[PDB]
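Peer 1: As they sit in the full assembly, here are the leading chains:
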Amino acid sequence: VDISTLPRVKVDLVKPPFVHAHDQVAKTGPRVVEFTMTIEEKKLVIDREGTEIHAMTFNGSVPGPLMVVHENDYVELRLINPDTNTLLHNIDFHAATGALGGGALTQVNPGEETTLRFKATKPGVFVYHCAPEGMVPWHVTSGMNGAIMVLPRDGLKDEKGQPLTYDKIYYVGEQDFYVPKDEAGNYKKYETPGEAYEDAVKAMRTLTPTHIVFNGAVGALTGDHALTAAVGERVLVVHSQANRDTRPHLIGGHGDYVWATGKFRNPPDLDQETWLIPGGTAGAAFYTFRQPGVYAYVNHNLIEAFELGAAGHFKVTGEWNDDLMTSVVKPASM
Amino acid sequence: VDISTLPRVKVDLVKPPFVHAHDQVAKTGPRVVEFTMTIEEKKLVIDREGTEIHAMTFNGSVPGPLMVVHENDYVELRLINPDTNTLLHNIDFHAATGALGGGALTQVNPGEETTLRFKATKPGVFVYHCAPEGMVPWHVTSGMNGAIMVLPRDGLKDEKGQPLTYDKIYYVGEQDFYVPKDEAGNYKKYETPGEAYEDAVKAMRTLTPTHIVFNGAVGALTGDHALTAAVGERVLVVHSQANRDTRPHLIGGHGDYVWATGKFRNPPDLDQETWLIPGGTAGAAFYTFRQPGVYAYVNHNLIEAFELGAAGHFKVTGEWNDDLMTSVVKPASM
């Protein structure tokens, strides 16, 4: 078809765990959605003791933003690489087709620009990440990854063909950092990434992470940044992982509907206490809360969650329901 | 509803891999089942060379007991913490709802008691484990975990809606121990857990286990403790893992029906040679034997199974069936 006869929309993205405005049901025919992402290389502090790394990011955040479109639409991305950066970057969509998902067409040196249009033909959640030849793990484990959701034209549908509507939608990306440390057990610091490259390769070859974080920082979704909800509300959590397997868990709740691979053509699973999301993919979980309070959202490899920092929080407002769970006898001292 | 108008039952649990008496089909309406578990901190020897650790357990066993109830019943647990113990414990069900699955209501110091009632609303196998704030991985990888099964009111059903009945039911919990060892490669010994806490944290941060055991000891399900069966019998094996992914395998047999996540609302899978059970969940496998002999039950990460101790045995009585598998020519020396 002649795409020049299709409408065009302009969308400017938000910083996670929030998503830009959208509509769960298509109001029009296929359009051409337009995004604009900027690359940024900056130092980050990821834990409490001020460990710093040289992160590379889309729009200056770990992870990148979530782009929501509809099926059979046209995505047109405008990737910009400013001059103060120093490396060659290129994007790669798991939703595109051919040319390494768009990686062979998007190579940009410092101080350059590129546009790319592709068609979103399959519904579901997908992952995008940088991919320069010879430095793929380094770029992707420094923080250059994100997700993209391609809704069906009629919104979600459970396994019985009945519709599904979510009041809120949150996005969580789990990032594993392999920071190199010396013989003294202290993390080493550098000037610019090129110096840290080789000991980064060594640390990665050790094959175990040093940090695992939600939203690029230990505690970034804890305290005053907790994710909020109300009893009876319907929430969709998208969870992405670009390099390592992860197993999300909502301490207190469950998974009402779960796409553990994130592809909406398949029927979902029901009543999941803990599902598995392979490395390099995204998944979706639909849950509607029943009791108020504070929920935890962890990676149920409990060592990673409570020693490397893969834990966030949920604050849900409401009042108790003492039929589901009550304390018959308060903790008593005999 | 007014629960005071519901029957009450008293159940006393057994030591695994055996389950207390129950009925796969509900004979009455919803009841209130009553369990009573006691906490015990004791030294354990987990391998052949007498490596000892400071295990913490429910009812003095690793893992804890399996509690079988029916859907939409009321579970009332009475947790007791004696005075000779020295830590603060609290239980946490993945089947409950709200208050961290019951963890915020069950904190008991040494020499205390607590009751808690909740409603079992979802059918399937779930995991329960200790969870004190700040020592969750330590408590859960010292041995404070177990499972709980919530049958449907009509018993199991395959993917074609036909019933399913098991003659035997066994329960297996896989436990990974990170015992700290010194520079000499020898495992270190202590007085009480508080001393071992910090090197335990270090060993856990190494992120690889030192032992992996079925029923809390290397060889605990081998030799005279092998699990017994007969040709044509129907067995349901429940398998639980609270912290690490595992992949069960029955060398010689298969999986006739498999709930790899352990939720009975979903249809099962068929003819599984090896399924995956994520960390922090339980799964169920229904198998009916055909040939007699000795079967192995391993974790098919063969290194873990045959070097760290994740292997058990099955003794099935009967006589051969030389149509399925025969030796046309005996091993001959040319």
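Peer 2: Happy to help now that I have it. Residues are numbered from 1 along each chain as shown, chains lettered A, B, ... in the order given.
Peer 1: In contact with the residue nearest the centre of chain A, which residues are there?
Peer 2: By C-alpha atoms, centre = their mean, chain A has its centre lying nearest to residue A:173, at 3.0 Å. Applying C-beta atoms under 8 Å, 6 or more residues apart in numbering or on different chains to residue A:173 gives the contacts A:16, A:62-64, A:145-147, A:214-216, A:239-242. Backbone N, C-alpha and C define where each C-beta goes, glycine included.
Peer 1: Mark which of the residues you listed are buried, thanks.
Peer 2: With neighbours counted by 16 or more other C-beta atoms under 10 Å in any protein chain shown, the contacts of residue A:173 contain buried members at A:16, A:62-64, A:145-147, A:214-216, A:239-242.
Peer 1: Return the backbone torsion pair for whatever residue of the stretch 51-200 of chain A ends up closest to chain B.
Peer 2: The nearest approach of the stretch 51-200 of chain A to chain B comes at residue A:159, 9.1 Å away (C-beta to the nearest C-beta). Backbone geometry at residue A:159, expressed as degrees, to the nearest 10, gives phi -70, psi -10.
Peer 1: Distance check, the residue nearest to it when sequence neighbours are not counted against residue A:158.
Peer 2: Of all residues beyond its chain neighbours, the one nearest residue A:159 is residue A:267 (3.9 Å), with distances taken as C-beta to C-beta, 6 or more residues apart in numbering or on different chains. In this view, residue A:267 and residue A:158 are 8 Å apart by C-beta to C-beta, to the nearest Å.
Peer 1: who touches both of the two?
Peer 2: Between them, residue A:267 and residue A:158 share no contacting residue, judged by C-beta under 8 Å, 6+ apart.
Peer 1: Where do the strands of the stretch 201-334 of chain A begin and end?
Peer 2: Per DSSP state E, counting those that start in this stretch, the stretch 201-334 of chain A carries strands over the ranges A:211-214, A:227-230, A:234-241, A:248-251, A:255-259, A:269-272, A:281-288, A:293-299, A:311-317, A:325-332.
Peer 1: So for the last one, what gets flagged as buried?
Peer 2: Spelled out, that is strand A:325-332. For strand A:325-332, the neighbour count (16+ other C-beta under 10 Å) marks A:325-327, A:331 as buried.
Peer 1: what are the pairing partners of that strand, and which direction each?
Peer 2: strand B:112-120 (antiparallel) (DSSP bridges).
Peer 1: Next secondary structure after the strand it pairs with?
Peer 2: Going down the chain from strand B:112-120, the next helix or strand is strand B:124-129, by DSSP states H and E.
Peer 1: wait, what's in contact with residue A:200?
Peer 2: Per C-beta under 8 Å, 6+ apart, neighbours of residue A:200: A:138, A:178, A:180.
Peer 1: I'd say the first one and residue A:201 touch.
Peer 2: Okay, so that is residue A:138. Yes. Using C-beta atoms under 8 Å, residue A:138 is in contact with residue A:201, at 7.1 Å.
Peer 1: any idea how far the closest residue to residue A:107 other than its chain neighbours lies from residue B:200?
Peer 2: Distances taken as C-beta to C-beta, 6+ apart place residue A:90 nearest to residue A:107, at 4.4 Å, with adjacent residues excluded. To residue B:200, residue A:90 is 44 Å away according to C-beta to C-beta.
Peer 1: quick one on the thing from earlier: rebuild the buried ones among the contacts of residue A:173 as a markdown table, extending it with distance to residue A:74.
Peer 2: Shown next, in a markdown table, are the buried ones among the contacts of residue A:173 (distance: C-beta to C-beta, whole Å):
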| residue | distance to residue A:74 |
| --- | --- |
| A:16 | 24 |
| A:62 | 28 |
| A:63 | 24 |
| A:64 | 20 |
| A:145 | 23 |
| A:146 | 19 |
| A:147 | 19 |
| A:214 | 32 |
| A:215 | 30 |
| A:216 | 30 |
| A:239 | 27 |
| A:240 | 23 |
| A:241 | 27 |
| A:242 | 25 |
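Peer 1: add one more, call it chain C:
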Amino acid sequence: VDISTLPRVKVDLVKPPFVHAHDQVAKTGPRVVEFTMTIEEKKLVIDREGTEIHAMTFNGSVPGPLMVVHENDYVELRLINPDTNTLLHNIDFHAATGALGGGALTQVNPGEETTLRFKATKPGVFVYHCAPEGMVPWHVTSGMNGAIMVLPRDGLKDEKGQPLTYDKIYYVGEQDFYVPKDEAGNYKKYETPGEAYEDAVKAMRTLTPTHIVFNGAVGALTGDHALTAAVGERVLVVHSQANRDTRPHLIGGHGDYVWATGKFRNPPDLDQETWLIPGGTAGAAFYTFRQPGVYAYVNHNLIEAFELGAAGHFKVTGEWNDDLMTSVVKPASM
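Peer 2: Putting chain C together with the chains above:
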């Protein structure tokens, strides 16, 4: 039944990633297919810097050959152990039944022979591997593993009951090597396996691989050995893993139909960007290409793929389709 009244066929296998001739639809009734595999212990060079190991193989290749049969057929294997070898070997099928999948009947010392007949009763892809008592991980991680496919009698069927036909079929086995290295970081070399056994056990207990390779060598499916195809062709990739979990990914394409556990009785999944294959099992992926060019086939634990060698290539002939993905603006220097 009396098998002596059934036809007999003779099949001689090929070296992977190619499969011997077969027919996706059964032309006759059940037969007795006859294979003959020879054991070979030889030195291998697995990477670019000439690291050598003492591999043990079926027919002198890593992995072994793929055997394609039909359901309810009779497989008759003739395993031969020559005299220049020095160890005791025995085969073990995950598709057989009883006697450890055939491991208790097939023990052969150097200079011996054995035949074994079993019935292929379940359709799907299965794994076979050596299994001598006490050296199972060593034998299986030195390279003694392969796969076997048991097609249904009517060929494959998608989830809507419609047939499925593949023009090409490729087979890929992922092998993880734990080569022992000294204090200097250099890989140690030996004379014969018996010497290397103990440091091999130590290296395996470290629990992280040193190499991960497709077809037993770094780059073995890259360059002039790339897997070939044409736009619009239909390919079935079988992927096997005997010891460790793996997550295949086709950079640029997708998975049109995926049996992630490899059992054809279950319905497949659709539009998989990355599926998970547990350790000790095989899986199947049906894909039909749309755009030409060079595709990568990686294990999407990107560190393993691009640092340990788990990557292969696809060359597909044809011409572009600028409706699916086009470059609106060539990379421009502002």
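Peer 1: can you check the contacts of residue A:200 again with chain C included?
Peer 2: So residue A:200 contacts A:138, A:178, A:180 (C-beta under 8 Å, 6+ apart).
Peer 1: Could I get the full set of strands for the stretch 51-200 of chain A?
Peer 2: With DSSP E, counting those that start in this stretch as the criterion, the stretch 51-200 of chain A has strands at A:52-58, A:67-70, A:73-81, A:112-120, A:124-129, A:145-151, A:156-157, A:163-164, A:168-177.
Peer 1: Between those, which one is closest to residue A:26.
Peer 2: Closest approach to residue A:26 among those (C-beta to C-beta): strand A:67-70, 4.9 Å.
Peer 1: who does that closest one pair up with?
Peer 2: Partners of strand A:67-70 in its sheet, by DSSP bridges: strand A:145-151 (parallel).
Peer 1: follow-up on the earlier one: okay, and which of the contacts of residue A:200 map to helices?
Peer 2: The helices, defined by DSSP state H, take in residue A:138 from the contacts of residue A:200.
Peer 1: need the contact list for the residue of the stretch 1-150 of chain A found nearest chain B.
Peer 2: Of the stretch 1-150 of chain A, the residue with the smallest distance to chain B, taken as C-beta to the nearest C-beta, is residue A:47 at 13.3 Å. The contact partners of residue A:47, by C-beta under 8 Å, 6+ apart, come to A:211, A:217-218, A:309.
Peer 1: Swap in 10 Å and give it another go.
Peer 2: Applying C-beta atoms under 10 Å, 6 or more residues apart in numbering or on different chains to residue A:47 gives the contacts A:177, A:179, A:187, A:210-211, A:213, A:217-219, A:308-309.
Peer 1: same check, this time on residue A:224
Peer 2: Residue A:224 touches A:313, A:315, counting by C-beta under 10 Å, 6+ apart.
Peer 1: re the thing from before, okay if I get the contacts of residue A:47 as JSON lines plus distance to chain B and neighbour count?
Peer 2: Shown next, in JSON lines, are these (distance: C-beta to the nearest C-beta, whole Å; neighbours: other C-beta atoms under 10 Å in any protein chain shown):
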{"residue": "A:177", "distance to chain B": "14", "neighbour count": "25"}
{"residue": "A:179", "distance to chain B": "14", "neighbour count": "19"}
{"residue": "A:187", "distance to chain B": "14", "neighbour count": "20"}
{"residue": "A:210", "distance to chain B": "9", "neighbour count": "20"}
{"residue": "A:211", "distance to chain B": "11", "neighbour count": "22"}
{"residue": "A:213", "distance to chain B": "15", "neighbour count": "25"}
{"residue": "A:217", "distance to chain B": "19", "neighbour count": "19"}
{"residue": "A:218", "distance to chain B": "14", "neighbour count": "20"}
{"residue": "A:219", "distance to chain B": "14", "neighbour count": "17"}
{"residue": "A:308", "distance to chain B": "8", "neighbour count": "22"}
{"residue": "A:309", "distance to chain B": "12", "neighbour count": "22"}
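Peer 1: ok, and which of these reach chain C?
Peer 2: Applying C-beta under 10 Å from any C-beta of the partner chain to the contacts of residue A:47, one finds that nothing falls near chain C.
Peer 1: my read: residue A:109 touches residue A:80, true?
Peer 2: No. Residue A:109 is beyond contact range of residue A:80, at 11.9 Å (criterion: C-beta atoms under 10 Å).
Peer 1: Just want the residue of the stretch 1-150 of chain A that's nearest chain C.
Peer 2: Residue nearest to chain C within the stretch 1-150 of chain A: residue A:98 (3.4 Å; C-beta to the nearest C-beta).
Peer 1: before we move on, back to that, chain C next: which of the contacts of residue A:200 are close?
Peer 2: Intersecting these with the surroundings of chain C, defined as C-beta under 10 Å from any C-beta, gives A:138, A:178.
Peer 1: What is the nearest of the contacts of residue A:200 to residue B:7?
Peer 2: residue A:178 (57.2 Å).
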